[PDB]
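These notes are about the structure you will find just below.
Neighbour counts are summed over all protein chains in view; Cβ atoms, including those assigned to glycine, are modelled from backbone coordinates with ideal geometry. Bear in mind that the values in this text are calculations on the coordinates, not laboratory data.
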Amino acid sequence: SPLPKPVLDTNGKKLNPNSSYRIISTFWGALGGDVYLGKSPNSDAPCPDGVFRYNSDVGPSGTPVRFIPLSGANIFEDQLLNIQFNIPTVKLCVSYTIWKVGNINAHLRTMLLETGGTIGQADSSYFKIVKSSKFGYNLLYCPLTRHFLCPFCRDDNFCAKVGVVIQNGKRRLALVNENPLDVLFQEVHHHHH
Amino acid sequence: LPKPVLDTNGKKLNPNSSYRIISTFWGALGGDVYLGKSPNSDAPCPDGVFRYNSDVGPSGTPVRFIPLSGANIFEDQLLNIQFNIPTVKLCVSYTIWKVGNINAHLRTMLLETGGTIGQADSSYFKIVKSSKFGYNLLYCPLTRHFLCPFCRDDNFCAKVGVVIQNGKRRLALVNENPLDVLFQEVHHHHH
């Protein structure tokens, strides 16, 4: 009966797949800090492959992303999509703009958000944007493994909340069971270039 | 004849292209140039030019080069430098490289953003061949030229290097220990 709800940016405008957004926190000062593309020191990837957020807002602004809906050209709450850092790269690092979820990390006891994924394929990592119970939105990761293996055997609509774990003194985005990261979407675009 | 500046693929630098400014070192001494902020900065936007403390970590912030005159980027010719990134409207000037005032704690001028392009108050840089592999950036103040055009050595340019500020590598004027850099072309691959 109800039609879906568009996700809005910080200016109140509907999210557009043709636009670029920073994923920013609802925090300030030492607790603020936008999402960015980084690398853990013990990664064996050839390119930065880690989704982090800065340790405070006193530093760089975040890495811009675009949102690629699984189907259609709108971006609604509770809609599967891929997330990709929308940045110029070298040719061999293109896949390391595309968000994915890594394997279970033994030490931190969860899966970390990484890049190196695909877009729009059965092996792609799909996320959803949902309204937070406080300000802004949460990201959810929705594995489609059972779905693609048996398209509708039975439907377990399982998604996991995206939060932060501290890794080598840095805020690493990761799957959490409680306290998801509250985020807003800040549109950015080029002026001149 | 003017000599084109080359990127790491051997192609002439193009004002229509974007480049990361990367180190000639590998590992702990590596680390690309990026747009950051120091504490104690009252700026409304990130306003500091840094480079990463190693090359394990993020990649650098892309820049474009804007010649003061003409359509080509040559060695030893004045240009402005600008981080070539999307921003909010408030922070557009804070993509444009400038050189700040003397920093009392470090007794040199630090590289900042917040500048202008193509004007008499813009910060002009030159790219020159390093005595080692790669290139150096020089800052060429117009101060003496405007204040005393027939004084000596008004074309003095200071080499850009790095000073440590709050545990970070901050680009700054360091005339006798320049940062050797290379230019790594990057572009979008939307499909």
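Looking at B:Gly57, is it under 15 Å from the mean Cα position of the chain (by Cα), closer than 30 Å to A:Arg172 by Cβ and within 14 Å of chain A (Cβ to nearest Cβ)? Taking the combined requirement at face value, the residue does not satisfy it. So for the range B:94-103 (the condition being among the charged types (D, E, K, R) and within 19 Å of B:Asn155 (Cα to Cα)), does at least one residue qualify? Looking for residues that are among the charged types (D, E, K, R) and within 19 Å of B:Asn155 (Cα to Cα), one finds at least one in the range B:94-103, hence yes. Of the residues A:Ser43, A:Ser71, the single one that is within 19 Å of B:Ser59 (Cα to Cα), hydroxyl-bearing (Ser, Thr, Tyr) and either assigned to a loop (DSSP other than H, G, I, E, B) or in contact with a strand residue (DSSP E or B) (Cβ under 7 Å, 6 or more places away or on another chain) (or both) is A:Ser43. Scanning the range B:17-27 for residues that are out of contact with any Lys or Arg (no Cβ under 8 Å at 6 or more places or on another chain) and facing chain A (nearest Cβ under 9 Å) yields a total of 1.
So that you can scan it fast, the table gives a plain yes or no per residue for (1) away from every other protein chain (no Cβ under 14 Å); (2) surrounded by 21 or more Cβ atoms within 10 Å (Cβ to Cβ); (3) part of a helix (DSSP H, G or I); (4) among the polar types (S, T, N, Q):
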| site | (1), (2), (3), (4) |
| --- | --- |
| B:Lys98 | yes, yes, no, no |
| B:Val128 | yes, no, no, no |
| B:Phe133 | yes, no, no, no |
| B:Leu137 | yes, yes, no, no |
| B:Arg144 | yes, no, yes, no |
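Could you tell me which residue of the range A:146-193 is nearest to A:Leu8 (Cα to Cα), considering only residues that are among the aromatic types (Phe, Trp, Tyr) and away from chain B (no Cβ under 14 Å)? Of everything passing the filter in the range A:146-193, A:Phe158 is nearest to A:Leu8 (Cα to Cα).
Residues being aliphatic (A, V, I, L, M) and surrounded by fewer than 17 Cβ atoms within 10 Å (Cβ to Cβ) are entirely absent from the range B:46-65. Going by the structure shown, is B:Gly115 crowded, with 18+ Cβ neighbours inside 10 Å, in a strand (DSSP E or B), out of contact with any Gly (no Cβ under 9 Å at 6 or more places or on another chain) and among the small types (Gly, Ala, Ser)? For B:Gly115, the condition - crowded, with 18+ Cβ neighbours inside 10 Å, in a strand (DSSP E or B), out of contact with any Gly (no Cβ under 9 Å at 6 or more places or on another chain) and among the small types (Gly, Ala, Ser) - is not met. Each residue in the range B:74-96 was checked for being in a loop (DSSP other than H, G, I, E, B) and more than 14 Å from chain A (Cβ to nearest Cβ), and 4 pass. Selection of the range B:28-39 for residues being more than 9 Å from every other protein chain (Cβ to nearest Cβ), out of contact with any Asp or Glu (no Cβ under 6 Å at 6 or more places or on another chain) and not hydrophobic (A, V, I, L, M, F, W, C) yields only B:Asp32.
Residue count for the range B:9-40 under the criterion of being surrounded by fewer than 16 Cβ atoms within 10 Å (Cβ to Cβ) and in a loop (DSSP other than H, G, I, E, B): the result is 13.
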